[PDB]
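Data first, discussion second: the structure below is written as structure tokens.
In this analysis, Cβ positions are derived from the backbone assuming ideal geometry, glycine residues included, and neighbour counts consider all displayed protein chains. All of the numbers you see were taken from the coordinates with simple rules; none came from a lab.
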RNA sequence: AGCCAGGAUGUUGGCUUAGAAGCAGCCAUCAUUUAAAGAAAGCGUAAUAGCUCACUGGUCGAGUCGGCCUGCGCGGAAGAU
Ligand SMILES: [Mg+2]
Ligand SMILES: [Mg+2]
Ligand SMILES: [Zn+2]
């Protein structure tokens, strides 16, 4: 990574064997190889975990095929499986549906430590406190 | 450009400087905001 | 072009004048004559009217006779005493206001 | 902009570390991107961020007012932009080499390497 | 903590009071206790900035006039209806 | 809209607008709107000025009305001659003096309240000015 | 006030949506990294992107910014022999 020119990002599903519902022909106008998907991308996809959203970073100009660099998982997904109800609410922040404990969002947010600016490990917990304040979920420290 | 009467500063690029006996409104970014007669 | 012409759209129903009626009078022909005072605009003969009481429309119609005194003028301006009567309108009550409006057609284009 | 009382927070923190300081190193952050600053931040990720600096006291009426107590090398350091850093631990070990070896990428400006104690 | 530099009014009445408003002054009076009331004139430009603070109406003030220092408190302030101006201020000894 | 429900007498003659206003300060609200000029204010103006203040800051904040017309103000027809009695009652008017607080405001911020009174100022026929809490 | 840089990570904040990622709305508007950065003042996109402001650094350098009460003016101000 040196200068911004051409990149694409979108979350794909690893639950099926070689799927492309989101992209297909609409992966990229630059001429990204469809055959290279099963050869390259599926090597490290099934090796880690399946089910969650998996983003992508593509940089191709005259190389045809390519390789990929490691990524970081989002925080909004960690408020689904490792928190309360998965469907949603509908009502605004005025009414509070769910709740959070001190045990939650401490070692769960530790999985994001691959790529973060935050130096201190105790500071990572306080960053998620503000995130839950959007929905308005009460937490008992 | 309009004339109307009041200048009314809309954007940060609004100028409002007097020319001859009749003040004008000059805006380089948005030519629609050009006005006279204030 | 043939298609564009086919269209018949009138997009304006702007009021021509608005008048309040007071001190009803009786007439043999129309059954009633409602004395009026135009507060705004100009009242016309063949232009349609909307009779409403307390913001809701009690009755609707098109004027048949616009008559002030024995003059029976076809037009009445605002703030000039005026007179009105219409067929098929039974009950005249004070405090209601009659809204007259002209009808115009904008015209249409194909695209 | 902060008033005189709040300005003394940056001064007294620097003045107390003049006698107790060990090593300092400088670099021109002018013309530079936040991603170029993030190299020194991810360098401090092993050391936890509290030990390291590059925290800009670079005004000549802030840090250069706290210089005249002891160890004056800031006579000709004044002009242009300077990155002040003070550490209670620290050796005269490899810590210079990361700034020197980074000059393959150019690093925008190095201030012509003025040098500090 | 407030020092009001003032003078004793030579003239009185409606004709006298309107002449003071032309010269940026305004009429006042210091009354209360066993002492008789005395009509005092205050400067508009100095006084008008002080009552913006809440401490003017609560804390005690000292009107300096001919080396007296009566030490009085604010009671009732008449303002000009359609402008930001002061007509007359009542004072009470304490 | 905004007229007397019942009246002791149907018509007032004419009257004069002289002297200064009563309420120099705002009794109920924190901020408000004071009228500097002198003139006749119809019941349609204060209705139109209230409609601007009705939808400005949505839900938060409350407004008061310190004025009321209570003056019949008759109007003659056009082509009618002079005399033949006095005209019928058409629209109501509030005569106000300089220094009268027309409108008030409490649960709105200071800078946001200046915008609301600026819109209502253009609706009125005379010049207006902002006022503070002014406790004493 | 110019000139010379940054103007962010978590995070597409939650929610409403075909899609609104700071910028059509609603409520909350904090916490890390921080020289400094508002979960966002404006332009822009179908929506991202892009480019600025606030804030702050370098350079230069001593008066600068925004209101209140007034003296006297400017526009608003077009008619027929
Ligand atoms: Mg010219
Ligand atoms: Mg003029
Ligand atoms: Zn403009």
Problem set entry | Size of segment F:21-136 as Cα extents on the principal axes (Å, biggest first) | 55, 31, 20
Exercise. Convex hull over the Cα atoms of chain C, averaged projected area in nm²?
Worked result: 8.6 nm²
Seminar exercise, completed: Computed over segment A:7-71, the relative contact order (Cα-Cα under 8 Å, seq sep at least six) in percent reads 52 percent
Problem set entry | Relative packing of D:81-88, D:19-26, which averages over residues the other C-beta atoms within 10 Å, highest first | D:81-88, D:19-26
Exercise. Ranked highest first by average number of other Cβ atoms within 10 Å, how do A:48-61, A:83-96 line up?
Worked result: A:48-61, A:83-96
Seminar exercise, completed: Mean shadow area (nm²) of the C-alpha convex hull around the protein assembly as shown is 58.4 nm²
Exercise. What is the distance, in nm, between label points placed 7 Å from the Cα along the Cα-to-Cβ direction at residue A:29 and at residue F:16?
Worked result: 8.0 nm
Exercise. So for the pair residue D:69, residue F:55, with labels modelled 7 Å out along Cα→Cβ, what separation do we get in nm?
Worked result: 6.5 nm
Problem set entry | P(r), alpha carbons of chain A - 10 Å bins starting at zero, rounded % | 9, 32, 28, 22, 9, 0
Exercise. Which whole-number percent is the relative contact order of chain C (Cα, under 8 Å, 6+ apart)?
Worked result: 41 percent
For this session: Quick one: angle between helix F:43-54 and the longest Cα principal axis of chain F, in degrees between 0 and 90, rounded to 10, please.
Result: 20 degrees
For this session: Let me have the relative contact order for segment A:64-141, percent, based on Cα pairs under 8 Å that are six or more residues apart.
Result: 38 percent
Exercise. Given a Förster distance of 22 angstrom, what is the FRET efficiency for residue E:69 paired with residue E:23, based on the Cβ-Cβ distance and rounded to 0.05?
Worked result: 0.35
Problem set entry | Among A:67, A:131, A:117, residue whose mean-square fluctuation peaks in a GNM of chain A (springs only between Cα atoms under 10 Å) | A:117
For this session: Inverting the mean 1/r over all pairs of different Cα atoms, compute the Kirkwood radius of segment A:7-71 and quote it in Å.
Result: 12.4 Å
For this session: Please report how far the C-alpha centroid of segment A:24-97 lies from that of segment C:1-78, rounded to the nearest whole angstrom.
Result: 67 Å
Seminar exercise, completed: Highest GNM mean-square fluctuation among F:56, F:116, F:35, for chain F with Cα springs under 10 Å, belongs to F:56
For this session: Would you mind ranking A:4, F:36, F:80 by Cβ crowding within 10 Å, fewest neighbours first?
Result: A:4, F:80, F:36
Problem set entry | Kirkwood Rh (inverse of mean 1/r, distinct Cα pairs), chain E, angstrom | 13.7 Å
Seminar exercise, completed: Per-residue average of other protein chain Cβ atoms inside 10 Å, peptide E:81-94 -> 3
Exercise. At residue F:135 and residue E:60, where each label point lies 7 Å from the Cα along Cα→Cβ, what is the point-to-point distance in nanometres?
Worked result: 2.0 nm
For this session: State the dimensionless ratio Rg/Rh of chain D (Rg: radius of gyration of Cα atoms; Rh: Kirkwood radius).
Result: 0.94
For this session: Summarise the partner chain shielding of F:20-32 as one whole number: the mean count of Cβ atoms from other chains within 10 Å of each residue's Cβ.
Result: 1
For this session: Return the average number of partner chain Cβ atoms within 10 angstrom of each residue Cβ along peptide F:38-48.
Result: 0
